[PDB]
Amino acid sequence: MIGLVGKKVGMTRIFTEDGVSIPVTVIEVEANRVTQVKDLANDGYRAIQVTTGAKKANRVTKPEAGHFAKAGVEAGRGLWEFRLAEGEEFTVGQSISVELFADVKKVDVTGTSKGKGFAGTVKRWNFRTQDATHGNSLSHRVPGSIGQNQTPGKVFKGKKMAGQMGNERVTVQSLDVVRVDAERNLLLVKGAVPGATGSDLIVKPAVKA
Amino acid sequence: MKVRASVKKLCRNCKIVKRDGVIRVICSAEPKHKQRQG
Amino acid sequence: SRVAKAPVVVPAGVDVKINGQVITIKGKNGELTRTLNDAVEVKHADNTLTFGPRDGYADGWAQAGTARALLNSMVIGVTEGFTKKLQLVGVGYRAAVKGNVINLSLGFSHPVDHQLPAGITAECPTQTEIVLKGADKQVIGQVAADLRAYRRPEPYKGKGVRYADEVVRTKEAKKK
Amino acid sequence: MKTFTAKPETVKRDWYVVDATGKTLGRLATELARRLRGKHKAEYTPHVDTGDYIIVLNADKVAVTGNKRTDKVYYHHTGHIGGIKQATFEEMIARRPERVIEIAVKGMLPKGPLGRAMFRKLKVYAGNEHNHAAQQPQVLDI
RNA sequence: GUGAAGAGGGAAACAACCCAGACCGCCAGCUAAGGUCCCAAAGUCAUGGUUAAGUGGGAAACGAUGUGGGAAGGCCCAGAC
RNA sequence: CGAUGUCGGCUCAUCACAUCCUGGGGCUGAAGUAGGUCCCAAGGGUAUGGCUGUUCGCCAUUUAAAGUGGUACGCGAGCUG
RNA sequence: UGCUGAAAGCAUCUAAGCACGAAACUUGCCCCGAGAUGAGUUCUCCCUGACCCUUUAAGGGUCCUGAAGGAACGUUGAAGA
């Protein structure tokens, strides 16, 4: 089905009754409220665009405010879009709550991971370090060789070298949802999800079987 | 079966058939006589 | 050639419709319809069915022969029908029919359920016989080949789903 | 005097619609390449795009002879190393048949900036209708 | 014989292979090798065959009811295969 | 030859398939288990140590397996020496 | 591996037709992605003045206006050379 947009609140644990600690991530999922519905007859695909949270009145621009004003909804902190599953139906301005996950049993959580900046190939690609002694001259963490010789005389595409690690979309699949709390607007999933605390998540039901 | 480049009738029940541009020897008596690729 | 030259004698009460290349034959057993090759010209001529090579095509004789035999089978498939008979050799091999699903117990860790297609009706007079009947010949040949294909006749003992007419040749172990 | 040269500001060029049902791929392709160069016009000039706009339609219904329906293989390499990627003719007709006619014509047209400009005039569709009713394409029976 | 010391056209590209030997000029004609569906000048020419393998567009001993042609021969409507 | 650094180790690969494992299958002198042999298959995977400068090899103990080759016997403006 | 089936009155998985069939192939899963110059789609927001000149054109210039928004600046960040 569709998913909901959360916010990574942090991690805790949930002691079970038989004494098994479960590492959970707390995801506050407020009222995701639908701002646009997309049909084949106008867009070629069925999908809903939701917003969540709240934004300052002076910080939302006039394009954006006109969009949310047409939808008849309070401006949120962003717009996201979920593809619909052929028998689902939503209306504009409809609110969607964490209660949707009261049946789902296992979810997939998509966020932007923590940006580690320009990372070298030992951090980035798990290259193995060369000797730390035994003669080695200024080449301890360096990548080694990068290709062959006259044949090809080029470095191939997607050679693993150093550069920006982190700060990109990653999806963690098949996380066990531990609690759905409709009162406090919370979703407790088992495990770590991507992102620092306060980062926006996207929690969908698991597509894997 | 036997992929050879000379396929032959080893028995009197063996039978040469061309399937999909491939010469084959189909036997009914002995399945060891089944051959391909002549 | 020698097959295409002999005419198909169509018996009474059998409906033959020649819509160009499409041939519909409907008798007492069911409507059954083919579409011949373009190299076959078929002519009724009020009594029988006659098959000839359409002029301008190289292998048309060969094609004509096939059309012949196919329609011959179709005539039997609207008059008497075709019947394959399979038997299950092995300790604890079971066959049953629920609706048109053949349940089979063939020494597996999971039940076998073969869905028969539309035109075919199987029976089981015994636990170790499947007598299946139908109108189209390749379809019951197909289905009998599938049921055989679940557990093929093992060579040393004979255990498997065999045809009732087919002989299964056996052999002994290596030594002793 | 000097030999006439067509001037690309003043080239008049027409719109043609061609139904590609049951045509042979290379033989249609060669006729389209001739019409898109402008080789059929007496004002042909090798550095001026003088050709016509052709709307090919029913591109998924194009025919090939022999076993080329299954044996004709379209290779391309992706730039990444082991990136040799093949696709037979029927796989291409299933995925995008426009690519079949467009690959053929593109390989028959001169390579270079001009022949890219010549290929921009070919408009291929997999169906029977086109958006270009405003340009009034007359039916080129070829 | 050519290259060396020889350009030009052809063989994709290719000293030495095929055609041919450049005094200069010309937005003139005819040709050689090689070619005429499109890139790319010129036959998607005419008549009669052959192959379906993309053979054409690598590769042998050897294998094979692929297929077109030719000359014979055994049996055969006292009925052959 | 007005310089194209040449074994081995390390780091980092990459392609071929004449396949070591895993996957499909035919024959078996294939009862089962385990095999032998041949066809298909390149997705991914495909040891740690003693000795030796060694590649190799022998040995020890693993492993589903410890593939065979090409890549300047890949890789010294990347390291060692 | 077959089913039906002739050429070859039999046989035959193939020539017409039909069904299975593997980690390879195309998808399914994850990420990038309209410079996809073939530059796409959808929603929303903003701008509704006069007047001269000429070799009268998607031409040049003067005055009045300066929107949506962006950029700069600052406080900065689990973003960052």
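Residues numbered from 1 in each chain as written, not as in the entry; some residues may be left out. Chains lettered and ligands numbered in written order. Part of a larger assembly, values for the part shown. Heavy atoms only, no water.

Determination of this PDB entry was carried out by cryo-EM to a resolution of 3.97 Å, according to the record.

Undergrad: Any details on the pairing of strand β14 (residues 202-205) of chain A? Residues and values, ideally.
TA: All names here are of chain A. Pairing geometry for strand β1 (residues 4-5) and β14, over two bridges, is antiparallel. Along β14, the bridge assignment pairs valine 5 with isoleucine 202. The sheet contact formed by strand β8 (residues 107-112) and β14 spans four bridges and is antiparallel. When the sheet's bridge partners are listed, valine 109 is paired in β14 with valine 203. (Pairing = 2+ DSSP bridges. Helix = DSSP H or I, 4+ residues; strand = E, 2+ residues; numbered from the N terminus.)

Undergrad: Talk me through the sheet that holds strand β12 (residues 160-163) of chain C; I want residue IDs and the actual numbers.
TA: All names here are of chain C. Taken in spatial order, the four strands of this open sheet run β10-β11-β6-β12, and their pairing is antiparallel. Edge strands, defined here as strands with exactly one partner in the open sheet, are β10 (121-123) and β12. The sheet shows a mean angle of 25° between the axes of neighbouring strands, taken without regard to direction. Note that strand β6 (residues 82-89) and β12 share four bridges and pair antiparallel. Across the sheet, residue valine 89 finds its bridge partner in β12, namely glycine 160. Sheet strands touched by helix α2 (residues 137-150): β6, β11 (129-134) and β12. Its angle to β6, the strand with the most contacts, is close to 5°. (Axes fitted to C-alpha atoms, helices over the stretch in contact; angles between N-to-C directions. Contact = heavy atoms within 4.5 Å.)

Undergrad: Explain the sheet that holds β14(A) to me, using residue names and the numbers behind them.
TA: Backbone-to-backbone hydrogen bonds pair the strands of a sheet. The strands run either parallel or antiparallel. Ordered by their spatial adjacency, four strands build an open sheet running β1-β14-β8-β11 (chain A), and the pairing between neighbours is antiparallel. The open sheet has two free edges, formed respectively by β1 and β11 (169-175) of chain A, since each of these has just one partner strand.

Undergrad: Describe unusual backbone geometry, naming the residues involved and giving the relevant values.
TA: Residue and element names in this part refer to chain A. Positive phi is not limited to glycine here, since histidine 134 has a value of about 55°. In this fold, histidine 134 is placed in the loop between α3 (121-124) and β10 (163-164). Relative accessible area serves as the criterion here: at 71%, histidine 134 is assigned to the exposed category. A positive phi is found at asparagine 167, a non-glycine position, where the angle reads about 60°. Within the secondary structure, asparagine 167 is located in the loop between β10 and β11. (Buried < 20%, exposed > 50% of the residue type's maximum accessible area, 1.4 Å probe, protein only.)

Undergrad: Give a description of the state of the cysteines that names residues and reports values.
TA: Residues and elements named next belong to chain B. Under the definition given, this model contains one disulfide over all chains. Across the disulfide, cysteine 11 is cross-linked to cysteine 14 (sulfur-sulfur distance 2.2 Å). Around the S-S axis, the bridge from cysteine 11 to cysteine 14 shows a dihedral of about 120° and counts as right-handed. Take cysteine 27: it sits in no disulfide, and the sulfur closest to it among the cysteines is that of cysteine 11, at 3.3 Å. According to the relative accessible area criterion, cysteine 27 is buried, its value standing at 16%. (Disulfide = S-S within 2.5 Å.)

Undergrad: How would you summarise the packing of helix α1 (residues 25-37) of chain D against helix α4 (residues 98-108) of chain D if you had to cite specific residues and measurements?
TA: Residues and elements named next belong to chain D. Closest axis-to-axis distance for the α1/α4 pair is 9 Å, and the angle between their directions is 55°. On the basis of the axis angle, α1 is oblique to α4. Between α1 and α4 lies a crossing of right-handed hand. Facing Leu25, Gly26, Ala29, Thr30, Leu32, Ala33 and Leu36 of α1, the residues of α4 in contact are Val100, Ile101, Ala104, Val105 and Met108. Of the residues contributing to the contact of α1 with α4, the split by class is ten nonpolar, two polar and no charged. (Parallel < 35°, antiparallel > 145°, perpendicular 65-115°, else oblique. Left-handed = near helix turned anticlockwise from the far one by under 90°. Nonpolar A, V, L, I, M, F, W, Y, C, P; charged D, E, K, R; others polar.)

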